[PDB]
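The form deposited in one PDB entry is given below as one chain in structure tokens.
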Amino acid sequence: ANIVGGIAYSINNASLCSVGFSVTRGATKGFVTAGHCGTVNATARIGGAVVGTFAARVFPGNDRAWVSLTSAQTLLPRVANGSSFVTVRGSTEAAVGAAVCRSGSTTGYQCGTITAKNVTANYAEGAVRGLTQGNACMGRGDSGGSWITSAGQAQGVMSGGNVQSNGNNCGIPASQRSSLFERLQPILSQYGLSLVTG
């Protein structure tokens, strides 16, 4: 399969989440995603085919993971934007007030601004701290998906937010949205990963 940020993948033939970013760890191919998406050794599938397994994760406390892929997979420095693509050019962290977009299987490509940093989410499983907050909308299934600036700077991976009864927060104004992502930089350093860029 071609690995592109924002596309759907399944975990152990059950849950559905979104790809974060293509990465390498030496000769090993992979992608980063959210930790709540799967446990270590869980099997990831794209288009019905096994593509790899969860190599490591932290959730809760943090919300990060990476999936170790078979050599047959094709890593790409891209994030889905409809039929088009946003090129991943680096991982410069944007400041509060910056415009940012996110890509996921459920709500697709959505944009907003970064509104706060170091936010704590109180999930069913426990607290996750240090999250960055934006007001781009999102829905269930967008978890793990890319957050990236239009200029191609990868920001992090979708963790969660204040979804409504319809499963997303698209139906409320941006001013009322809390869409939270896990910063990319600590994921890269924790697992010794390098971002695939173009």
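The first residue of the shown sequence is 1; numbering continues from there.
The discussion below concerns the form solved in complex with a partner chain, not included here.
- Message: Test of understanding: in the bound PDB entry, would residue 51 fall inside 4.5 Å of its partner chain by heavy atoms?
- Response: No, no contact at 4.5 Å.
- Task: Consider residue 163 of the chain shown here, and say whether it contacts its partner chain in the bound PDB entry, taking contact as heavy atoms within 4.5 Å.
- Result: Looking in the bound PDB entry, residue contacts with its partner chain include residue 163, since a heavy atom lies within 4.5 Å.
- Query: Is residue 33 a contact residue for its partner chain in the bound PDB entry, using a 4.5 Å heavy atom cut-off?
  - Reply: The answer is no: residue 33 has no heavy atom within 4.5 Å of its partner chain.
- Message: If we define contact as a non-hydrogen atom of the residue within 4.5 angstroms of the partner, is residue 159 a contact of its partner chain in the bound PDB entry?
- Response: Residue 159: yes, in contact with its partner chain in the bound PDB entry.
- Just one of 40 to 48, 138 to 146, 24 to 32, 65 to 73 has heavy atoms within 4.5 Å of its partner chain in the bound PDB entry; which? Of the stretches listed, the one contacting the partner is 138 to 146.
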